Amino acid sequence: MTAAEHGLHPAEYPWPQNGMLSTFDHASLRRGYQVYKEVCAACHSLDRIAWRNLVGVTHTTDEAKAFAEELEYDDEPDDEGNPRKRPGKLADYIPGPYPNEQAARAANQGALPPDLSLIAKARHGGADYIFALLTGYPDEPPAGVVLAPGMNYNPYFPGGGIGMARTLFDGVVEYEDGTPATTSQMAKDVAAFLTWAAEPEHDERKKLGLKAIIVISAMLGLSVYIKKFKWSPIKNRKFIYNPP
Amino acid sequence: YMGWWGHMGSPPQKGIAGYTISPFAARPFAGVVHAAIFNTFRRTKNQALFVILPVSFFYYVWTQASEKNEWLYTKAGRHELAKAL
Amino acid sequence: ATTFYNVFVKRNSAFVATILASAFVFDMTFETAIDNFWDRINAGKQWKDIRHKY
Amino acid sequence: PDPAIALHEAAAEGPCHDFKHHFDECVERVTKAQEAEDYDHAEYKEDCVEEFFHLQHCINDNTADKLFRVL
Amino acid sequence: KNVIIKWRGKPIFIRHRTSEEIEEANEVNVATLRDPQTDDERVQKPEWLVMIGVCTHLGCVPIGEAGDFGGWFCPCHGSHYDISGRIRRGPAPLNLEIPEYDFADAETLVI
Amino acid sequence: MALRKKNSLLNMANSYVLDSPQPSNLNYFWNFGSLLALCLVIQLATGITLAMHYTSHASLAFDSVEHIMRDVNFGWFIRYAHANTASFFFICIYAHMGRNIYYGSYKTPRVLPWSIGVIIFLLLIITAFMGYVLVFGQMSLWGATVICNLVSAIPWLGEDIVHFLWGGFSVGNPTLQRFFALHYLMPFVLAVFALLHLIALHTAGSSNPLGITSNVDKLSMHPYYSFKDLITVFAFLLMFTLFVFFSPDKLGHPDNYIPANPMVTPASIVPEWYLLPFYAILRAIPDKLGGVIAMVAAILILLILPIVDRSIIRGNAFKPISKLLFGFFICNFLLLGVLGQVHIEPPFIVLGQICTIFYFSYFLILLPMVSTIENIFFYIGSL
Amino acid sequence: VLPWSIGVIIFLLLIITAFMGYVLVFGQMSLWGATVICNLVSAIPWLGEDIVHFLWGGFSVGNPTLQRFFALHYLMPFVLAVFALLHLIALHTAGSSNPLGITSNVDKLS
Amino acid sequence: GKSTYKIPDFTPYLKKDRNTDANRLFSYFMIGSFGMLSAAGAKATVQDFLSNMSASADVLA
Amino acid sequence: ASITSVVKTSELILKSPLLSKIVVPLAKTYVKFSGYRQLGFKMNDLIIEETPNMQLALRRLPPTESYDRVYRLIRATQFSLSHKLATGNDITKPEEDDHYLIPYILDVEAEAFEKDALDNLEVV
Ligand code: HEC
Ligand code: HEM
Ligand code: HEM
Ligand code: HEM
Ligand SMILES: CCCCCCCCCCCCO[C@@H]1O[C@H](CO)[C@@H](O[C@H]2O[C@H](CO)[C@@H](O)[C@H](O)[C@H]2O)[C@H](O)[C@H]1O
Ligand SMILES: CCCCCCCCCCCCO[C@@H]1O[C@H](CO)[C@@H](O[C@H]2O[C@H](CO)[C@@H](O)[C@H](O)[C@H]2O)[C@H](O)[C@H]1O
Ligand code: FES
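The scheme used for residues numbers each chain from 1 in its written sequence order. That scheme is not guaranteed to match the entry numbering, and residues without coordinates are omitted from view. Whichever chain is written first is A, and whichever ligand is written first is 1; the rest continue in order. These chains belong to a larger assembly; all numbers given describe just the chains displayed. Only heavy atoms go into the side-chain values, all of them from the structure, while hydrogens and water stay out.

- Deposited coordinates in this entry are attributed by the record to cryo-EM, at a stated resolution of 2.80 Å.

1. Here's the deal with the coordination of the iron atom of ligand 1
Residue and element names in this part refer to chain A.
- Excluding water, the donors of a metal are its N, O and S neighbours within 2.8 Å, or within 3.2 Å for Na, K and Ca, and that exclusion means sites may look incomplete. Protein coordination at the iron atom of ligand 1 comes from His44 (NE2) and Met164 (SD), with a distance range of 2.0 to 2.2 Å.
- Only two sets of limits are used to name each site, 85 to 135 degrees for every angle of a tetrahedral four-donor site, and over 155 degrees for opposite donors with all other angles from 65 to 115 for a square planar four-donor or octahedral six-donor site, with any other site named irregular. Geometry at the iron atom of ligand 1 is octahedral, judged from its six donor atoms and the angles of 83 to 179 degrees they form at the metal. Of the two residues, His44 is situated in the loop between α2 (26-38) and α3 (51-54) and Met164 in the loop between β4 (161-162) and α7 (183-198); the sequence distance between them amounts to 120 residues.
- For every residue, the accessible area (1.4 Å probe, protein chains only) is compared with the maximum for its type, and the residue is labelled buried under 20%, exposed over 50%, or partly exposed between those bounds. Residue class for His44 comes out buried when judged on its relative accessible area of 11%. Under the scheme used here, helices are H or I runs from DSSP no shorter than 4 residues and strands are E runs no shorter than 2 residues, and both carry numbers assigned from the N terminus.

2. Observations concerning the site of ligand 2
Residues and elements named next belong to chain F.
- Nearness of a residue to a molecule or strand requires only that one of the residue's heavy atoms be within 4 Å of it. Close contacts around ligand 2 come from 22 residues, with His96, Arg99, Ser105, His197 and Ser207 the closest.
- The backbone of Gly33 places a nitrogen or oxygen atom 3.3 Å from an oxygen atom of ligand 2.
- Among the elements of the structure, α3 (32-51), α5 (75-102), α6 (111-133) and α9 (173-201) are those that each provide at least two residues to the shell around ligand 2.
- The element that contributes the greatest number of residues to the shell around ligand 2 is α5, accounting for six residues.
- As a working rule, the residues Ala, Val, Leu, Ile, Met, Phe, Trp, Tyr, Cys and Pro are called nonpolar, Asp, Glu, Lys and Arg charged, and the rest polar, with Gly in that last group. Considering only residue class, the shell around ligand 2 consists of 13 nonpolar, eight polar and one charged. Counted as a polar contact is a pair of N or O atoms within 3.5 Å, where, for protein atoms, one must be capable of donating a hydrogen and the other of accepting one, and residues adjacent in sequence contribute only when both atoms are in side chains.

3. Quick notes on helix α1 (residues 2-23) of chain G
- Across its 22 residues, α1 of chain G extends 33 Å between first and last C-alpha, which sits within 8% of the 32 Å expected from 1.5 Å per residue.
- Those residues of α1 of chain G not exposed but buried are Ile6, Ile10, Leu13, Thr17, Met20, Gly21 and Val23 of chain G. One side of α1 of chain G holds all its buried residues, which, seen down the axis, span an arc of 145 degrees. For α1 of chain G, exposure combined with an orientation more than 90 degrees from the buried face picks out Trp4 and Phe11 of chain G.
- Elements that come into contact with the buried residues of α1 of chain G comprise α2 (8-18) of chain F together with α2 (28-40) and α4 (63-91) of chain G. A helix is expected to span 1.5 Å for every residue after the first. This arc is built from the directions going out from the helix axis to the C-beta atoms. Any two residues whose heavy atoms approach within 4.5 Å are treated as being in contact.

4. Re the interface of chain F and chain I
- Listed as interface residues are 30 residues of chain F and, on the opposing side, 40 residues of chain I.
- A side-chain nitrogen of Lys or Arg and a carboxyl oxygen of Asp or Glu constitute a salt bridge if their distance falls within 4 Å. Where chain F touches chain I, the interface holds one salt bridge.
- For the salt bridge of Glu50 of chain I with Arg314 of chain F, the shortest nitrogen-to-oxygen distance reads 2.8 Å.
- Those elements that place two or more of their residues in the side of chain F that touches chain I are α14 (320-339) and α15 (348-382) of chain F.

Written as structure tokens, this is what we have:
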């Protein structure tokens with residue numbers, strides 16, 4: 001295939017979580033949530049994440065309950081069997097911007113913005129791909145590229161024409177922690193956030209792996225001593241042959 | 001073709017004396033350094049060709065094929081690609 | 001040294017008891033040790049490090 | 001302002017200068033070819049995507065580490 | 001325009017072919033066709049190309065309007081289908097299957 | 001008489017795992033048997049656990065796998081362990097088969113354990129393929145679509161058989177539910193055949209790396225091979241740990257984290273890495289039916305090794321030409337694997353055909369020729 | 001004695017197998033069966049309640065319980081088959097008894 | 001080479017202090033360490049693995 | 001393959017001057033690279049014995065030859081498991097690599113093959 005048809009492969013950026021012993025930077029996760037909430041959530045759902053999932057990762061229980069309680073969700077019917085709404089609880093999932101695929105496509109000139117809960121695992125490249133894509137819209141498409149209508153040129157996207165326009169510009173978000181919200185900063189934060197969303201066990205997983213590595217290594221060393229110890233009579237056997 | 005202990009199906013053995021010592025009387029790692037270095041070198045040297053020849057050949061094949069494929073799908077390779085299809 | 005052998009190793013019941021008691025202690029202490037180490041190499045990164053702002 | 005802008009410009013003028021020049025020369029050719037009439041009724045319409053990829057791939061290799069260091 | 005109707009989980013391509021499209025399809029000599037068929041064998045109504053939009057090679061779905069015979073292009077192995085949905089270039093052995101469809105009305109078909 | 005020998009039940013365990021007489025010189029490649037037993041146990045334990053959380057309905061399957069990943073305590077571990085151990089099962093099985101081919105374990109008197117083994121290998125492929133579909137992501141669906149449409153090439157009845165297996169006209173809910181039931185069952189069948197190949201082997205006992213009788217010099221299976229098996233268990237668990245905890249998605253394909261969409265076809269449908277050589281063989285034949293036959297024949301042709309190996313000597317330890325030929329065979333099998341994942345483009349099309357010819361010609365031409373000539377060289381060379 | 005004693009275990013597994021199968025329908029008897037029978041485990045002193053909640057996978061019989069009973073109900077018949085085979089292998093040493101209770105070693109039939 | 005009462009040379013492998021309690025104790029420390037980590041590892045494995053059967057996070061909510 | 005086949009084919013080659021001139025040097029190098037002599041084996045020790053014919057030929061070995069074979073197998077097995085090679089007198093010298101078994105197996109097979117032929121005789 002042409003390189004165009006594949007898409008440009010994203011650089012390997014040094015993410016905080018790269019590294020056998022490294023967790024996510026939780027302050028980055030929190031900032032990334034704020035970018036999701038203010039920019040992506042206009043078009044993209046995050047359906048697999050519940051309000052409770054933010055608690056003790058990015059937000060305290062109170063902050064998360066506040067976010068949930070601002071929304072209305074479908075309750076069980078009342079006593080006359082009429083539909084009712086309730087305020088959100090921590091067990092509720094973060095609600096999407098569109099009721100169905102058709103509504104989503106109608107709002108996006110035919111293109112369907114995917115759910116972002118797994119997008120970091122669902123693309124070759126992971127965080128690097130999300131980062132590269134959001135930061136990689138050239139001012140002008142390379143001379144000779146013919147974009148289909150409602151497409152934007154982005155070399156990281158396979159085929160080059162993506163239905164999502166550039167969305168991150170310096171100062172579209174005002175971070176609550178005083179971090180300067182440059183395009184690159186916001187892309188790094190949101191890409192961290194989405195990576196966490198795709199694999200929320202990541203921090204625990206790597207810590208348990210460290211314990212496992214240590215114990216299994218020790219057992220491997222000792223198993224070799226024990227093997228050599230038990231086998232030494234067979235290895236050290238000697239013969240004397242006298243033909244009868 | 002195989003029996004069990006006591007009637008394993010060996011031809012009759014006679015004339016071999018076997019000697020060994022207890023695991024507790026032996027140093028399990030005796031001469032391990034010499035073996036790890038000199039013995040492994042001997043054993044590897046003896047088998048090296050049987051790995052190197054097929055691996056080097058198939059790697060060369062793949063390298064040539066992947067480089068040609070890459071070149072055919074460039075601008076420069078347009079004409080050669082047109083003929084190949 | 002004979003003493004150590006006679007007490008903890010000679011009877012298998014004692015040896016297995018010693019192994020399991022050691023396993024218990026190792027399990028508890030190793031947990032604690034890894035926890036602290038993990039917190040030091042990932043310092044200022046974890047929620048516990050930023051929680052105080054909220 | 002966005003740190004990436006400066007780093008990308010510096011890497012284009014410096015370690016990726018040969019690729020910068022390739023892309024530039026490509027663009028010149030293609031624009032000129034589009035300017036000429038009966039371009040729309042041509043068999044092969046040249047793009048500059050290949051050269052663009054070579055340049056971007058190069059810039060990213062020289063910038064990735066530096067950029068994430070300043071965020 | 002070409003529509004995509006799900007019918008038994010497989011996609012159905014329905015194209016409302018223009019006059020000049022019909023003409024383009026009626027050109028190719030039957031002789032030079034992996035699967036030799038004329039458009040008249042395929043459609044029961046020249047303005048309604050109804051096909052099962054699964055590629056005959058392995059079973060990917062061709063992206064329409066794309067191709068080299070400007071019909072359908074299977075992106076998987078690069079097989080090109082026609083405006084009749086006949087195979088022209090690439091791995092695919094047969095032309096895109098035609099379902100059993102009947103025009104109940106002139107404005108509605110059942111598949 | 002000792003209880004382990006007296007009591008009928010205990011005696012069966014004893015005969016297989018404790019007093020079993022083994023050659024005293026088995027090398028580390030005899031340890032894959034027990035690793036495959038460990039993989040089979042891990043897959044049963046993790047598999048039964050996932051079955052307690054998985055829902056086989058197509059409207060819920062993908063979501064149930066997300067629930068396992070996100071909500072179930074240690075669900076992530078159980079899921080990744082199950083998925084990665086499937087890859088390790090194939091690494092161990094290819095190693096075990098490689099050992100058997102290099103050391104002539106397929107020769108008399110061990111043709112029967114070998115032939116049952118070939119069937120175990122087929123059941124493992126089917127088991128792993130069905131398990132892959134259960135996720136109901138894009139690779140799940142497009143895998144089941146492609147693979148079950150190959151059955152359509154069976155003449156006359158093929159189409160009918162496909163629709164019967166799918167339970168409908170496409171891969172959908174009926175297919176998913178039936179694959180769940182079968183994927184649960186197949187590992188138990190596989191376990192039974194694994195046990196049959198061992199019972200068959202018990203008549204001759206293990207071969208050994210010299211290819212001579214071991215009846216002269218035996219060692220109890222325990223403790224010597226017990227403790228030797230622990231070393232490879234810990235080595236395996238180290239590799240397992242690196243994948244499961246540190247890189248759980250390295251062996252997989254991102255496309256399976258997109259829910260199945262019968263309309264949208266993914267960028268590239270490639271099977272799981274361990275199926276790739278057979279997939280390359282299938283692509284090499286242009287005819288649909290031809291390709292399917294070739295792909296099946298690539299597995300069943302192992303059944304003729306007992307015939308086509310004409311050597312008077314068991315195994316390759318002492319046969320320099322056979323060793324070289326085997327090296328080329330193994331590397332070609334890996335090249336086939338790699339060609340299974342490239343695009344169907346020049347120059348890989350022709351290359352894949354050559355590698356396919358080489359694969360078959362090993363069994364049909366080269367091994368019979370080379371083994372015949374080595375017979376003559378040993379005799380003349382030692383006169 | 002050994003074939004008999006393994007047999008007693010086969011009988012226990014059959015009861016468990018049949019009980020879980022009954023729950024899978026998720027009708028009224030399914031639910032109320034699982035509720036009452038798994039609350040007998042609550043009588044185990046000290047840990048009983050904890051064990052019940054662990055088996056149910058929650059605080060009541062619900063979806064977690066149903067999914068786990070499905071997996072177990074599928075599996076238990078295979079375990080039962082293995083024990084059935086063990087009791088026969090155990091019996092092979094003595095052979096079948098017969099209605100007179102005497103040896104049959106004197107007069108056998110294939 | 002002929003006499004079977006002349007035990008072959010084992011001096012490269014024989015420990016001088018082979019009959020001491022010190023000597024046995026050491027090897028049992030290795031065996032016991034291995035048993036200890038295996039016990040700790042099995043406990044960890046079982047406890048973590050079976051916890052899947054406890055109420056999941058969605059249920060606990 | 002049958003030992004008979006191997007022996008007959010080898011004799012055809014040794015007869016032809018041309019063929020022997022090119023094959024005998026190759027076979028000598030093959031045997032040197034094969035390396036069975038470095039484990040103290042004689043060639044015949046490597047022939048597969050789990051066949052009725054070969055079991056019979058081994059039973060017909062003179063007791064001394066049989067005792068020596070058992071020792072060579074045990075010694076080689078020990079070098080194998082130790083990952084050591086034979087040294088000194090344990091290495092099989094080319095002059096010691098005698099075909100002790102070939103005569104016996106050729107007799108066993110001769111009879112077996114005659115038996116098969118004669119089972120198919122047709123009175124004319
Ligand atoms: C107002 C619309 C809109 C906004 C704002 C938006 N997106 Fe998108 N996005 C889309 C659409 C439409 C697509 C589908 C593009 C296509 O498939 O051609 C998309 C696609 C994506 C993809 C997948 C591309 C692929 O490989 O399939 C990712 C990742 C993504 N968006 C992330 C984000 C992030 C992160 C943000 C903001 C921080 C964001 N988007 C903002 C509309 C939007
Ligand atoms: C679940 C899969 C399998 C398991 C658990 C299994 C297990 C084992 C075990 C434990 C042994 C004895 C120890 C050893 O030599 O490693 C063995 C030997 C053998 N297996 Fe397998 N096996 C499996 C699959 C296969 C396959 C696919 C084949 C062949 C295609 C095969 C053919 C053999 C043969 C021929 C032997 C005898 C080898 C010898 O000792 O010389 N097995 N297997
Ligand atoms: C040889 C044994 C087995 C092999 C090779 C095997 C292989 C697989 C594979 C490859 C998958 C796809 C994994 C993924 O990518 O997520 C899978 C999924 C699954 N397997 Fe198995 N499996 C085996 C045994 C079992 C058994 C015994 C069960 C018991 C029910 C089981 C239950 C499942 C379930 C529920 C899934 C779907 C959930 C998931 O994808 O994780 N498996 N299996
Ligand atoms: C799946 C359930 C079972 C199966 C398939 C099974 C099958 C058999 C078979 C085939 C025999 C030999 C023929 C016969 O005497 O009828 C037998 C004998 C026997 N079974 Fe069972 N059995 C099962 C359950 C049980 C149970 C629950 C017990 C005891 C509680 C039991 C105890 C025995 C005994 C003691 C014998 C020997 C009787 C004799 O021949 O004198 N079995 N069983
Ligand atoms: C591998 C997992 C461990 C469980 C055991 C595997 C189950 C398979 C066992 C069922 C098959 C029957 O197994 C068969 O039984 C008898 C006794 O048990 C063995 O018989 C062998 O051992 C006994 C004493 O140990 C001797 O009297 C006999 O001369 C010898 O051949 C057979 O060699 C074996 O083939
Ligand atoms: C016959 C065997 C006896 C019965 C077996 C008992 C099975 C279940 C027992 C404990 C399961 C729940 O018990 C619980 O385990 C989990 C992890 O395993 C522990 O959880 C702890 O470690 C994990 C990682 O290891 C962290 O994600 C968690 O935040 C932390 O609290 C709890 O501290 C313990 O309370
Ligand atoms: S699947 Fe349609 S081109 Fe191969």
